[PDB]
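Down below is the structure, laid out as structure tokens.
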There are 4 protein chains.
Amino acid sequence: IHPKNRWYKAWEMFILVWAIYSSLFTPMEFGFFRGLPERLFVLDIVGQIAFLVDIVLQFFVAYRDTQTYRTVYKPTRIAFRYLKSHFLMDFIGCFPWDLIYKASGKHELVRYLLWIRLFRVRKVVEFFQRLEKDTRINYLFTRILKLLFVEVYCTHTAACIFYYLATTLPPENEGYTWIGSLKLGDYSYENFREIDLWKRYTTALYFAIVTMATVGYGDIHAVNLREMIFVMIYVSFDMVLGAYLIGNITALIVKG
Amino acid sequence: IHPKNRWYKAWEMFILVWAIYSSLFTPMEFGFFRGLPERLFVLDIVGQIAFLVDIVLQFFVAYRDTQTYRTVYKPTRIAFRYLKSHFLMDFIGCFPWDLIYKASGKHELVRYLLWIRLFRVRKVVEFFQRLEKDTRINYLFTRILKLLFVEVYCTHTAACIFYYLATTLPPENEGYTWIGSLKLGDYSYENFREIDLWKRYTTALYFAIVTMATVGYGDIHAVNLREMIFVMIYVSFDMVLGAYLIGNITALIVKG
Amino acid sequence: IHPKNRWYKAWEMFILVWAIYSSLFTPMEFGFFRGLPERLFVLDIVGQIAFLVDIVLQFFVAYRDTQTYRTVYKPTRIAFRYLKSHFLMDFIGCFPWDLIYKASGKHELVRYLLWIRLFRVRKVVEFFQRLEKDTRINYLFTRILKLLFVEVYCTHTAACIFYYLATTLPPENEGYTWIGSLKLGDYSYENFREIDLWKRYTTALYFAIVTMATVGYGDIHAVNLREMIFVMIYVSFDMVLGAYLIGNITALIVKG
Amino acid sequence: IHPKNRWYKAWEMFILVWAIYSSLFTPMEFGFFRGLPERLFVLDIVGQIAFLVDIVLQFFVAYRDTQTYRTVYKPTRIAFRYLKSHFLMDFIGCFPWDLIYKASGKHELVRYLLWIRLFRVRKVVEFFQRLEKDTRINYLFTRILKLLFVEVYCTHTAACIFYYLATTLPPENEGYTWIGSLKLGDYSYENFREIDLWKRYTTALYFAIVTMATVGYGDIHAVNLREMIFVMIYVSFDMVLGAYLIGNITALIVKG
Ligand SMILES: [K+]
Ligand SMILES: [K+]
């Protein structure tokens, strides 16, 4: 397959949108849902098959030889390259990990395996790499946009994990978590497993976002020991991320 | 009209002062007032007619040709240029948007339309551009002053919007907002729609200012779900603004 | 007088120490004391006479001509230069402003005049200028040390002013201030005008210091409307100061 | 002894691991333990004897001559160099400072002397110096990693000291400390000297880490006057450390 082909470019954009959706949904899937509900069933399936098509197409596309800028259309070379680079993980990731979880005795570890899907963000990474290679956009502006996307995605994933760490404790001993002890205004999170999904997600995202900016107000904070450790890890990584963002912005203004 | 004319320069300064007042007052107009009170009536009218005169004058003045530095005084060219660039928005914004709101059944969308008047900040933007063009002031210092003004104005507008988001909820369900749940010292905001305008404005501005500096104390925070989303958007934009300011300062120090 | 004379250098160091003490004490004098207590009386007088001697000596020393590097010892030139630049304010600030306050009906404005002494920091400013001129120390390191001293001194002055703003309210209506509403641990600041000076000073300095670093915990915050305005001004100035410090550090690492 | 000898390199790595352990444990030993519990007895002795062996070996190895790059193996020179630079305090710190404390009337000052052992971090310092000398790693990346390690270690030591400052007060007057007044969720630190070591350490580390990132939430803050002073010193030093880290990152991005 000719790499720049008009149809292949459209397929790349389509799979990029699907990858963005899957990367944004999988942490939500794992954290806010101890097993998918019925309505999204078919949705999950089509996503899988969509990525399946991508696999059955990834065996066909020719690859640029990095050391020597020469295209290769031999099927053996491309097959072997896919085999070593990005085959086993995509295959193990597009398995149906929800029906497996429900059927196989509801063992959590098999869902813990649901995080295996996150390397679909490699599609967005390659998107940003191509955008950097393009001359219409400045290199450092592309780098900063990539960093902003990375910060937003890490904040979203951290919010999902932070909510998940509240469901680890038994439901009876729930007042000892970050959520369930909140009393914002007149609303008290008495039973936080019966509230609407969007309310809990927005609360967790609000906490994660105000922690990343470094405002830290203090209305939502850590109570458990696991939540404390997660908060320390998150802020330690966030500080370096923010320093890097400031560094690239300063670099463009100084040199660009 | 000769572009550099002494009288036209005085008119430009007068319109700049009026535009600064209008830009600082329109968010206050929209947020803190569900309809103007009677006292400022004539004041509002005066501003409108002033800008009307500006529009009448904006047609007469000749324009500089950017691609080829030749000044052209033909009325048709300046008329067409003003028609294309900055005519429709200025006129639609110079309509009386207060008496219309009161007469036409007190509908909210027409008052939402009052935000059109913020395009008068283009006058301050052009003023800073002229200051940058002037050789008496360093370019990066001008950029940093512009950035500081942008940060202050965005903080003021964010404070106005944050107070407005508290009035969206019905008056009976008011303890579920950022204001109305405050208990700073001995003063509790029991009925926050009966307090003086300056107290509410100062409280909102205090919250917005301590959120922008990133102190985030935590005496004033978000409670509603709409307030949470607004806070996330505010801090996400403010982080980039502050990083840009730090980059500009470091740029002048390193290079200048 | 020969500018580099060994005795004059010792006198300069002596007056530098006295100026540092006076600059650190005058905000404390104004804020924490509605009139000096008896014990420090003679101390105050001593400082005055010391600075008196300084100005008496300052009329004698020769001055360097910046435009043309030619030293002048003609007393008329140095006398006129001192009359022009730095005479009137030192004289008016070296008046006894405590006995004047106590004798003249305890009027508050004459005590507000006590802030004139803050221009003794010009001694430290010139000290840092000389240190920058010296080749033993790197220029940007000297600039950063000066910036850190400025930040610390501004924090100390802001703490003094913040405590003073709590004493403007009447003693009966004291629970509406930043102090007097504190309940840190088991200690409640019931009557904050009868507590030891060091406790109140340390509380105010703790608030100011954690506001400057941008931690902002939220145990000590603003309640009054005047305190809110002071906090906004302080954080707005502190943000620029911190950005400048980051810029200078980055400059030395990048270029030095 | 030949400096680059592989057995000596293995010994250096072994002593480096022991030094990392000792540096991470000594603040914990001093703060969280008023005398070691019996179980770690032999462990302590082992560390001591290990460092003893290091001292015994440190005499044998030849030293690089900095001014003139000639290797000298004469035992008198390496001896005198060790006697001058880094022995007296290595030995004084290699003394058994726990059994001394228990036997000699449980006097606190000899335990304060336990802080001498922190200069085993010179091993990690020389670790990073050699890594900087190595050409496989960029110099500024090595500096950034060293700064990150310094920040983490200073945070750990500050957490240990902050917990120690809570034990200085008598156990009866314990509610006036940073710990013992905590009411995180349903858990109240009623008697904080009976809780598990890991819970107290994690709480102190959580406070120190969120103070360093500058989030400052406000659930754990200072109450005592000693804690206030320690917090001011910590944040004043941490601000400079963070500015230095941002400067190094920006320099690497701009120049490298
Ligand atoms: K806070
Ligand atoms: K903060």
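Numbers in chain C come straight from Swiss-Prot, and the residues shown are 58-313, in order.
The way this entry was determined, per its header, is electron microscopy, 3.2 Å.
Keep in mind that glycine also has a Cβ here, set from the backbone N, Cα and C atoms.
Topologically, per Swiss-Prot, C:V167 is found on the same side of the membrane as C:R283. In the topological domain 'Cytoplasmic' (C:190-203), helix, strand and coil residues by DSSP number 9 helix, 0 strand, 5 coil. Broken down by DSSP into helix, strand and coil, the topological domain 'Extracellular' (C:225-259) contains 6 helix, 0 strand, 29 coil. Long-range contacts of the topological domain 'Extracellular' (C:280-285) within its own chain (CB-CB distance under 8 A, at least 6 residues past either end) are made by residues 219, 222-223, 225-226, 233-235, 238. The transmembrane segment (C:169-189) shares more Cβ pairs under 8 Å with C:70-90 than with any other stretch in the list C:70-90, C:98-118, C:204-224.
Cβ atoms under 8 Å from those of the topological domain 'Extracellular' (C:163-168) belong to residues 87, 91-92, 154, 157 of the same chain, restricted to positions at least 6 beyond its ends. Panel annotation: around the topological domain 'Extracellular' (C:91-97), residues 155, 158-159, 163, 168, 224 of the same chain, lying at least six beyond its termini, place a Cβ under 8 Å from a Cβ of the stretch.
Residue counts for the topological domain 'Extracellular' (C:91-97) under DSSP, split into helix (H, G, I), strand (E, B) and coil, are 0 helix, 0 strand, 7 coil. Long-range contacts of the topological domain 'Extracellular' (C:225-259) within the same chain, counting only residues at least 6 positions beyond its ends with a Cβ under 8 Å from a Cβ of the stretch, are 85, 89, 216, 219, 276-281, 283-284.
When Cβ-Cβ distances below 8 Å are used as the criterion, the topological domain 'Cytoplasmic' (C:190-203) is approached by residues 302, 305-306, 308-309, 312-313 of the same chain, each at least six residues removed from its ends. Counting only same-chain residues 6+ beyond the ends of the topological domain 'Cytoplasmic' (C:119-141), those with a CB under 8 A from a CB of the stretch are 58-60.
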